[PDB]
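Just the one chain here, laid out as structure tokens, in the form deposited in one PDB entry.
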């Protein structure tokens, strides 16, 4: 009481008083804002006129960080204090993950509710959050980054879900805070988290069912196959019972793959609650804002996740990302045991029941995915009947093909056919025929091109503007370069 103070009385000027380098976002602009700057109510009209049960269990807010911009950190803390019912916030625990300046977190202990923990050494987000979860005294946990901003009644909608079902790991729609001007922008409420075989976050359109349910309830919560960020609410016992976080992961990976697989495969579920909104400052090429991400992944954490939950399906990930096979990922022994103990379901269960919309190749396919040449993708051009095939610039995806065990390159039941084998002859998309020789292809030169079996003809673009892909005599030309997204070879 004598050592604490209300946030309105907090001296933010002095705090911030003692531009991209230090944090990969405009710090100069961050400091211009007041710790309690106002933000737009990005909620759906429906949320506005809604009541929440007063008996919602209080929560402990755990914010973990490593060298964060003071303005951003502070703005996050008061964001919580001001935007949520004081009685639902047992405490705000700040885990200073070994920041160069102890004071960044220290000086905030003066504020009501804020307790701050420090680390002897850099421990990373996974360990720090575990530390926080343990020091927490509430029954429910709320994890947030050191650079977020809570909106109107963001918390109740999340607590409502967990109270109802301890096994629900709920997240708010994550709004965007511009890293250059900190304008607070609203994200969609009609997209789910997903991924491709290279295990990189991807956005998805809602499911038909989900859509109907939205016709009924416009702000209805929706299940999500892949968590989209690091913001979420969860039961403390359930968090521990399920295995907390994989303490052996490192600072780079997407620990989020592992957390999403484990929740789903082990009984729980993941939900996105539209009425809940929390702004987040995304770095340059963050996957949430830049499709495909930056295009670089230090595989450790991705392997750790794949090797523990995907069963035989990890080979697809490895088909899309060979290099990852040669990336060390440490011991996953205790994790495989946690899975054993928890008797979680297999991945095949997950693909079929949680993320069925992810097209999985046939176990006997030789290669699968989009057929790319430079940034262009092989496309039927919508000519699904004895038609000429061509290319469209790929969509970051689009049209998938399969190099089947029988040596065919098909799109459903249509095969690329070598109608005429004289150089320059256009190929055609036709109904696949079991033993038909005009439909047999093989990869050569390290899966960098497609030759027509029993000939010296290769699939070529040269004629694209003259009528479509054709078969030319294999050569150096780059219009003969083709790559499947994943190769099981």
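Take the two forms, find the largest set of C-alpha atoms that superpose within 1.5 Å, and that set is the rigid core. Residue numbers count along the first chain shown, from 1.
Missing here is the form deposited in another entry; even so, the following discussion is about that form.
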{"item": "Residue showing a 2 Å-or-more C-alpha displacement between this form and the one not shown once the rigid core is overlaid, selected from 178, 269, 119, 376", "value": "376"}
{"item": "Rigid-core frame, C-alpha of residue 11, shift of 2 angstroms or more between this form and the one not shown", "value": "no"}
{"item": "Per-residue C-alpha change between this form and the one not shown, residue 298, threshold 2 Å, rigid core fit", "value": "yes"}
{"item": "Did residue 408 shift 2 Å or more between this form and the one not shown, C-alpha, core superposed", "value": "yes"}
{"item": "Residue 25 and residue 287, C-alpha gap in that other deposited form relative to this structure (3 Å or more)", "value": "closer"}
{"item": "Pair residue 71/residue 287, Cα separation in that other deposited form versus the displayed form, closer or farther by 3 angstroms or more", "value": "closer"}
